[PDB]
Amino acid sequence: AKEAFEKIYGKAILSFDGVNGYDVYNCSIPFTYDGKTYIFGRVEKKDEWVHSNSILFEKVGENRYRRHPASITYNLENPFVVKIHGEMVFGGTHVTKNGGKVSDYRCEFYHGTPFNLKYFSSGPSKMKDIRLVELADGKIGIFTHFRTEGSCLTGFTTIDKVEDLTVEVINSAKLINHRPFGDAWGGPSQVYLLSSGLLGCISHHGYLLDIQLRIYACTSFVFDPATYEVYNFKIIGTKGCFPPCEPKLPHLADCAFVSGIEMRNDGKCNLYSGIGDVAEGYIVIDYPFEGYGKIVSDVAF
């Protein structure tokens, strides 16, 4: 609601080459494959709305990524990755239009190796916020976000195998205790298995500050799959924490759309976020799940 978060140990905006100067934002977390670092980016012209594609970028230098020409691209917004049963699960939002107007959107899921991803399922109509994680016992955890009916409710369910991911499973997910989130809307960008067996969630939450301001903040919480309880909900980042950048339009002046965290050698983490729907940056923050266990999941493909 009104927290008192406004310590950062460093910050940067990433540079992206090979996309004709287009904006790149709302990225996946970085991942490794075959001795290199990669990231998926949402690529869009600054002056175009709902004209995104998701592109695979290879890290080529400090804070610098270049489109990898071998990879196919995906007709998707807000790409994301996770490791399930030793392979990549990749997703994003596929937008349908009717005569230029958005009419539908759904999450599309791919699995395989990073240069050989195969489409296997979509989530339900008008559900953007779906994230997967491998649980300690090898089941697959699924976070869902029920947004269509004016409500903003988060669900959680499990499946045994990734090709069991269906509309029916997602739609029937049991609701989590959402009372910690208050009037915020959103959900996880990246979910992590912790050494405790709990799940560390790095999430995006939106608020109207009261005419209103739209705020999109980087948040975290810890989730217990055994009880459906939520712990330690907090704000961990805002757009003002990142280096300045002119937002895509003025109404996005307080918009950070989180990507996720990466652990550092020094025990702190890089919090990656889309900012202003124009850029990707990171801030260096304290480990947000401190006391609930260390991250044991990885994106080392």
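From 1 onward, residues are counted along the sequence shown.
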Indicate whether the chain is continuous between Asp210 and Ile211 or, if not, how many deposited residues are absent from the coordinates: none, 1 to 3, 4 to 9, or 10 or more.
4 to 9
Between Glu6 and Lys7, how many deposited residues lack coordinates (none, 1 to 3, 4 to 9, 10 or more)?
1 to 3
Quick check on the record: does 99-107 or 148-156 carry the larger mean Cα temperature factor?
148-156
Is the mean CA B factor in the deposited entry higher across 186-194 or across 89-97?
186-194
Compare the CA B factors listed in the entry for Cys269, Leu249, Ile55, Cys27 and report the winner.
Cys269
Highest CA temperature factor in the entry: which of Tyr119, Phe80, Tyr228, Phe143?
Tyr228
Lowest, middle or highest third: where is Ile39 by C-alpha B factor in its chain?
lowest
For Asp164, the third of its chain into which the C-alpha B factor falls:
middle
Within this chain's modelled residues, let me know which third the CA B factor of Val258 belongs to: lowest, middle or highest.
lowest
Name the third of the chain's ranked CA B-factors that contains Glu134, choosing lowest, middle or highest.
lowest
Classify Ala173 as lowest, middle or highest third according to the C-alpha B-factor given in the PDB entry, relative to its own chain.
middle
